[PDB]
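Notes follow the structure.
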Number of protein chains: 2
Amino acid sequence: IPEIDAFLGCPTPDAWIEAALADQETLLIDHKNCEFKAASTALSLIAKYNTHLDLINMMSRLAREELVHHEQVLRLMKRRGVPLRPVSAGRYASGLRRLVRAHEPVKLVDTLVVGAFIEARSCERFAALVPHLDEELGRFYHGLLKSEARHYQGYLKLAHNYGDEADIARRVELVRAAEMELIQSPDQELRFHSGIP
Amino acid sequence: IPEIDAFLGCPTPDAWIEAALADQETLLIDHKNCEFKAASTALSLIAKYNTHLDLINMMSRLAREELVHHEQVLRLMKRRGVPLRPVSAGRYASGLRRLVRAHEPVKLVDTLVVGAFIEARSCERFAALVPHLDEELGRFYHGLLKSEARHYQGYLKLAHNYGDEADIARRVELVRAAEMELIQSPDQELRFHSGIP
Ligand SMILES: [Ca+2]
Ligand SMILES: [Ca+2]
Ligand SMILES: [Ca+2]
Ligand SMILES: [Cl-]
Ligand SMILES: [Fe+3]
Ligand SMILES: [Fe+3]
Ligand SMILES: [Fe+3]
Ligand SMILES: [Fe+3]
């Protein structure tokens with residue numbers, strides 16, 4: 001398990017930061033939804049792998065942590081007068097999930113590797129953002145950054161628990177390249193994990 | 001907020017308790033699954049009603065409480081050597097969901113009333129089981145009673161928040177009738193919410 005910047009294929013582009021700072025409300029609402037989706041994804045993995053007890057125990061606890069984050073973002077939004085509004089999911093997680101192999105057991109390994117990338121990128125991007133944010137939001141985002149690093153390690157360690165070290169290294173190489181492409185490519189919308197607007 | 005025996009159309013039949021006691025490992029597995037489905041159903045409502053702030057805040061916290069229950073049952077199965085075996089869902093929750101009207105805003109109100117019945121029945125049924133179980137399981141199930149009553153109250157209170165006292169009384173009367181027949185009808189598989197074997 002390498003360090004975050006080493007694991008990831010590129011830093012967050014300055015142009016993404018610029019767009020994010022100009023629309024922190026869209027950022028916050030999509031961030032709130034992402035925390036919820038992390039919990040919902042963790043539950044879908046429990047349902048899909050109902051006999052993988054190690055997975056089930058980790059995902060149940062992970063889902064609860066992400067639901068806390070979801071509620072914390074909602075409280076921050078309420079404090080700052082950010083109303084709720086429909087914000088469709090971005091392309092990011094769907095693009096990464098297209099690289100998952102369609103057959104067990106490597107389907108599960110690839111799914112967990114994609115999860116490690118989503119959490120690692122979230123940690124890197126929080127870190128890129130906080131020097132530009134106000135004190136309250138930077139403090140909040142700094143706390144979340146630490147949990148993302150833990151979740152990145154947790155996802156990658158679960159993948160090794162179920163996968164061959166050699167196939168994981170090649171899976172990481174494939175998703176790392178596609179992840180970098182999703183992060184550096186032009187994008188039509190601002191999302192927490194969007195490309196360059 | 002009526003009392004639980006008053007809210008429900010029927011007590012847990014004695015024949016169901018005798019079946020449950022003769023097959024406590026299946027009961028525990030289905031119970032674990034029911035705690036997970038409660039949290040998963042909670043997250044589904046957040047997804048469907050993603051700008052209803054009151055619903056989203058209550059269901060996030062509810063989902064976390066039910067995942068704690070999910071993990072507790074898992075730890076109890078470990079202590080008692082219950083294998084993680086796939087156990088199909090019962091007919092109960094899906095039977096109740098067929099009564100949900102197809103158009104908003106009464107669609108949401110009906111869904112919340114169904115949630116109230118499921119939690120009220122779980123409370124009634126835990127209470128019926130407790131005096132017959134061993135000490136460890138009896139105390140565990142007794143500690144869940146207070147949570148289920150609270151969840152029954154929460155669902156019903158949420159239905160009143162989004163709906164007219166007229167159509168809620170109308171909905172409660174219809175679901176009560178369908179729920180008691182699900183509980184009193186013959187059933188071909190022991191589940192926590194199954195009918196009579
Ligand atoms: Ca790098
Ligand atoms: Ca800017
Ligand atoms: Ca056994
Ligand atoms: Cl929790
Ligand atoms: Fe999180
Ligand atoms: Fe996370
Ligand atoms: Fe529960
Ligand atoms: Fe409950």
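So you know, we letter chains A, B, ... as the sequences are listed, proteins then strands, and number each from 1. In listed order, ligands and their atoms are each counted from 1. Any value given below was found using the heavy atoms of this structure, including those in side chains, with hydrogens, waters and symmetry copies removed.
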Flag, side chain of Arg64(A) to backbone of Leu67(B), donor-acceptor distance under 3.5 Å
no

Can you confirm whether more than 12 heavy atoms, excluding those of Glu181(B), are under 6.0 Å from its CD atom?
no

Please list, in chain and residue-number order, the protein N/O/S atoms closer than 2.8 Å to the Fe ion (ligand 6).
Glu66(A) OE2, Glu119(A) OE2, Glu148(A) OE1, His151(A) ND1

Do you know which of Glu179(B), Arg191(B), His193(B) makes side-chain hydrogen bond (donor to acceptor under 3.5 Å, both in side chains) with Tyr92(B)?
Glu179(B)

Would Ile46(A) and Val68(A) show up in the same hydrophobic cluster when neighbours are defined by side-chain heavy atoms closer than 4.5 Å?
no

Do other residues, nucleotides or ligands put more than 12 heavy atoms under 6.0 Å from the CG atom of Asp14(A)?
no

Cation-pi check for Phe117(A) against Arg176(A): NZ or CZ below 6.0 Å from the six-membered ring centre and within 45 degrees of the axis, yes or no?
no

